[PDB]
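Working notes, structure below.
Because only heavy atoms are used, hydrogens play no part in the values below, and waters and symmetry mates are left out as well, while side chains stay in. Throughout, a chain's letter reflects where its sequence line sits, starting with A, and its residues are numbered from 1. Atoms within a ligand are numbered from 1 in the order they appear, just like the ligands themselves.
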2 protein chains.
Amino acid sequence: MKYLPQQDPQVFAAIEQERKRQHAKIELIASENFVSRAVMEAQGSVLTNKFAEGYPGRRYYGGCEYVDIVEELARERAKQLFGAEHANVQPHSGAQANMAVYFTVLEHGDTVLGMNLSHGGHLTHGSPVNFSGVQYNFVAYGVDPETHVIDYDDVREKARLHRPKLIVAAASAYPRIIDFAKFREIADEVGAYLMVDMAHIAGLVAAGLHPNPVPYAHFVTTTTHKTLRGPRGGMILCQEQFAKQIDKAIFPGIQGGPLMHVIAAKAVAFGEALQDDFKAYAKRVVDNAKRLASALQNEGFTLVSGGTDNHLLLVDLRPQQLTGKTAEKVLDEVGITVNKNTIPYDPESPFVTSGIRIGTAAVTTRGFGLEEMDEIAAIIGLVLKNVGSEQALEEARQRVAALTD
Amino acid sequence: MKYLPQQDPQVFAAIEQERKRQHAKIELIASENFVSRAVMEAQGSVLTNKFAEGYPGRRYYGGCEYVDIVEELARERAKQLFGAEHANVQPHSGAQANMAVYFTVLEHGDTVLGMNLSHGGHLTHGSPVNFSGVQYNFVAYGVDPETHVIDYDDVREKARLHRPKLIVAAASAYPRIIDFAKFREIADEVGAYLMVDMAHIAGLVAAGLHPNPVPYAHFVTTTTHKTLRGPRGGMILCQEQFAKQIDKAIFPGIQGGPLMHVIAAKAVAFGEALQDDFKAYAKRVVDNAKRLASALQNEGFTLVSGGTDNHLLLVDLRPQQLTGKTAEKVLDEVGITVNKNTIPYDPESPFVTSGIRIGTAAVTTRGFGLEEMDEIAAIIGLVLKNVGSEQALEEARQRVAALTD
Ligand SMILES: Cc1ncc(COP(=O)(O)O)c(CN[C@H](C(=O)O)[C@H](C)O)c1O
Ligand SMILES: Cc1ncc(COP(=O)(O)O)c(CN[C@H](C(=O)O)[C@H](C)O)c1O
């Protein structure tokens with residue numbers, strides 16, 4: 001940076017702290033990642049100066065010849081990445097991507113079926129304090145109490161009982177592969193649209209390591225950050241038959257001007273994901289996740305569903321008589337970043353929880369491998385099995401320091 | 001840029017075109033501006049890597065110590081700038097800022113009173129193809145057919161007749177000062193909340209050149225770009241009594257994770273606006289607007305309302321027997337960027353229009369002054385009075401080139 005340090009010392013100082021923190025900590029929040037310098041440069045571009053309401057070649061303001069090229073590069077790359085017939089790369093966020101799909105196919109008060117929020121469903125999949133739960137009538141399907149795998153017969157019974165206009169699949173904390181084929185079969189049975197929110201798994205989808213929802217879902221939403229390793233923002237994929245309606249839902253329906261500099265950064269991230277080394281990266285993410293799961297089981301930890309098929313894992317801390325909140329706090333003390341997370345049929349509130357959620361996408365990006373996975377697991381065991389030992393915590397601190405260099 | 005040119009030649013080429021276009025054209029779209037290099041650097045920062053759901057010191061994810069400082073700097077600077085009791089700097093856009101206020105005080109189907117969309121009201125103030133018009137029952141107040149000034153007796157009659165739960169004031173194409181005191185008096189008469197969308201005039205408010213809605217409105221929304229000359233995004237100001245409810249409306253109500261890098265850029269822009277030279281800049285914006293209005297009247301053009309009190313002006317092209325669409329197109333041919341804009345009681349559709357909207361915020365930022373205003377007006381007259389003369393258009397082209405260097 002050149003101009004920010006001179007113009008705004010206060011803001012620069014805090015940014016510089018944050019940069020150093022990102023290097024110093026072991027980042028295990030499942031939704032987090034580190035973007036390339038190219039992605040950041042696109043975001044820090046003069047494209048923030050362009051007002052571009054409308055769509056490429058169909059703008060409502062002149063001067064958009066070049067931002068049109070940028071947006072089309074994003075849409076075409078997204079379509080190549082996911083094999084979708086149409087992309088909308090303007091959603092400001094995953095929340096707004098979801099909002100737009102809901103706005104497209106639902107009237108106020110329509111019934112929607114989504115994954116139980118305490119079994120892995122997202123805020124925007126029907127929380128009663130989110131627009132989704134307030135605007136529409138959400139009902140929920142559950143995972144099996146033993147396997148912690150989605151109970152497809154419960155999905156089907158809930159659909160047949162409640163007759164939703166829309167079924168939503170995908171999750172913020174589900175460590176197994178989702179069966180989109182079964183979701184579409186149920187959707188077809190009850191005459192419901194199927195929406196897949198693939199935010200967490202989108203990078204893995206792109207790399208052929210998770211089944212692609214696109215051929216099964218009427219609408220696929222996602223964030224561009226997370227496993228896809230792009231800028232913070234949303235995206236909607238769909239077949240050509242819904243393209244016009246989805247585009248009108250984004251604008252003029254729920255947004256105004258798009259963030260053209262963020263869309264440039266989306267195009268950049270999509271370009272990166274189309275490359276072979278992103279495929280290699282993504283396999284290391286899943287490989288690392290499986291290795292981490294195994295090493296945690298080796299320390300004596302119980303994992304929700306017994307392990308992982310993706311980038312993320314959930315530790316059920318009940319056997320250690322710990323809440324997720326306690327574990328989160330103590331891990332924070334040693335420089336490991338997790339979040340407390342409800343587990344299926346959690347006896348604790350969402351603010352306390354009986355689990356922690358852990359993902360490998362961030363640590364994999366910085367070059368951590370299987371040996372680092374073993375060591376992370378060993379540090380977690382050291383800390384959680386000795387929460388009252390300041391000496392154990394100091395040793396943990398020093399081992400975390402050795403990992404991040 | 002260093003990494004983007006190497007990693008993504010296609011995206012870099014289009015960005016580079018856009019950069020050169022920004023320098024080459026005369027940008028007169030009223031909502032546009034050019035941000036500082038410090039603002040862009042903040043946007044291109046590693047803060048895009050941080051997930052920060054919740055609010056400063058009340059986050060739902062760890063590691064937010066430093067992004068908390070950044071957000072607080074934005075909120076405190078905003079509060080100092082506008083004298084507001086509470087700021088929310090997380091809205092992704094002006095659309096989302098508006099959506100959140102509506103979400104806070106309205107139920108589905110509530111009556112809202114806003115400015116007639118073809119008299120200067122915004123899309124999000126009740127368009128029937130926008131969430132606002134679909135979710136709530138919007139009724140409209142008008143400007144006087146002669147003066148083109150808001151008819152405060154019509155505001156009052158519409159409020160008393162329709163009994164709105166919320167009155168909205170502010171505009172995308174109103175060239176006179178808005179009387180917030182009268183809006184609040186009417187609101188108080190009918191027991192309605194008052195919301196002011198100050199997006200266009202926020203920089204002028206900050207500089208003491210437009211009356212401040214904050215002491216009169218329950219809720220003030222705005223964009224951070226436009227006259228405020230910051231990054232693209234939204235903001236809500238309000239008194240402390242509504243702080244908690246506004247914050248919950250943004251999250252968990254209508255968004256998820258905030259754009260911390262954009263919030264850093266907001267803090268930067270707010271820091272700039274607190275400085276004396278931003279005050280001097282803003283006066284030049286209004287000074288230039290008045291001078292431009294006068295010089296256009298000198299060319300024989302009719303202006304909506306007879307001139308301007310702010311950064312923007314509307315030309316009523318009916319006397320020249322031109323539509324706004326025709327004028328927009330021909331000005332585009334010579335390198336002047338305007339938009340077609342409906343005028344009050346426009347006989348044409350919103351897609352054709354009888355006017356063009358012109359603002360000076362962008363040209364003022366690049367250092368244009370009164371003499372440049374006279375020349376811009378002279379070029380506009382040359383072009384619009386000779387739409388069929390390729391020689392007039394070439395001369396216009398060369399004079400535009402002389403202005404932008
Ligand atoms: C499945 C899923 N979809 C959307 C989003 C949020 O998108 P945005 O933040 O851009 O509005 C999420 C967010 N998930 C968070 C995370 O996993 O850490 C958290 C649970 O909100 C999501 O999971
Ligand atoms: C008064 C007013 N409020 C909000 C916005 C849009 O905010 P965002 O684009 O970040 O969602 C606008 C936009 N106005 C545009 C412009 O003036 O050029 C256009 C009329 O939509 C606004 O005017």
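- Classification of the A:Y102-A:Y136 ring pair by plane angle, with boundaries at 30° and 60°, yields perpendicular.
- Applying the 4.0 Å criterion to heavy atoms of A:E53 picks out, from ligand 2, the atoms 19 (C), 21 (O).
- For the pair B:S172/B:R357, a side-chain contact is recorded, criterion being any heavy-atom separation below 4.5 Å from C-beta on.
- With hydrogens left out, the protein atom closest to atom 11 (O) of ligand 1 is A:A95 N, 3.0 Å, a heavy atom.
- Within 6.0 Å of NZ on B:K325 lie no more than 12 heavy atoms contributed by other residues, nucleotides or ligands.
- The nearest heavy-atom contact from the protein to atom 15 (C) of ligand 1 is B:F51 CZ, 3.4 Å.
- Shown in contact with B:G257 at under 4.0 Å from a heavy atom are these atoms of ligand 1, numbered in order with element: 9 (O).
- Under a 4.0 Å criterion applied to the non-hydrogen atoms of B:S31, ligand 2 contributes the atoms 16 (C), 17 (O), 18 (O).
- The closest approach between A:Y60 and ligand 2 stays at or above 4.0 Å for every heavy atom of the residue.
- Of the protein's heavy atoms, B:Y61 OH, 3.4 Å lies nearest to atom 20 (C) of ligand 1.
- Between A:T223 and A:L228, every side-chain heavy-atom pair lies at or beyond the 4.5 Å cut-off.
- For A:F183 and A:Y141, the distance between ring centers is under 6.0 angstrom.
- Proximity of A:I201 to A:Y174: side-chain heavy atoms (C-beta onward) are nowhere separated by under 4.5 Å.
- Heavy-atom contacts of B:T223 reach the following atoms of ligand 2: 7 (O), 10 (O) (cutoff under 4.0 Å).
- Those atoms of ligand 2 that come under 4.0 Å of a heavy atom in B:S172, given as number and element, are 1 (C), 2 (C), 14 (N), 17 (O), 20 (C), 22 (C), 23 (O).
- At least one heavy atom of A:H225 sits less than 4.0 Å from an atom of ligand 1.
- For the pair A:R232 (side chain) and B:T48 (backbone), a donor-acceptor distance under 3.5 Å is present.
- Side chains of B:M99 and B:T124 form no contact here, defined as non-hydrogen atoms less than 4.5 Å apart.
- By the 30° and 60° cut-offs, the orientation of the rings of A:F51 relative to A:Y61 is tilted.
- Distances shorter than 4.0 angstrom occur between a heavy atom of B:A171 and an atom of ligand 2.
- For atom 8 (P) of ligand 1, the closest non-hydrogen atom on the protein side is A:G94 N, 3.6 Å.
- Heavy atoms of A:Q96 found under 4.0 angstrom from ligand 1: none, in either backbone or side chain.
- Distances between N or O atoms of B:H200 and those of ligand 2 include at least one value under 3.5 Å.
- Between B:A199 and ligand 2, no N or O atom pair is found at a separation short of 3.5 Å.
- At least one donor-acceptor pair closer than 3.5 Å links the side chain of A:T227 to the backbone N or O of A:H200.
- For B:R59 and B:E71, the salt-bridge test passes: some basic side-chain N is under 4.0 Å from an acidic carboxylate O.
- At distances below 3.5 Å, not a single donor-acceptor pair connects side-chain atoms of B:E27 with backbone N or O atoms of B:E32.
- The shortest contact between atom 14 (N) of ligand 1 and any protein heavy atom is with A:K226 NZ, 3.0 Å.
- Below 3.5 Å of separation, one finds an N or O of B:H122 facing an N or O of ligand 2.
- The shell of residues lying under 4.0 angstrom from ligand 2, judged by heavy atoms, includes B:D197.
- For ligand 2, the atoms lying closer than 4.0 Å to a non-hydrogen atom of B:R357 are 16 (C), 17 (O), 18 (O).
- Using a 4.0 Å heavy-atom cutoff, B:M198 is absent from the residues neighbouring ligand 2.
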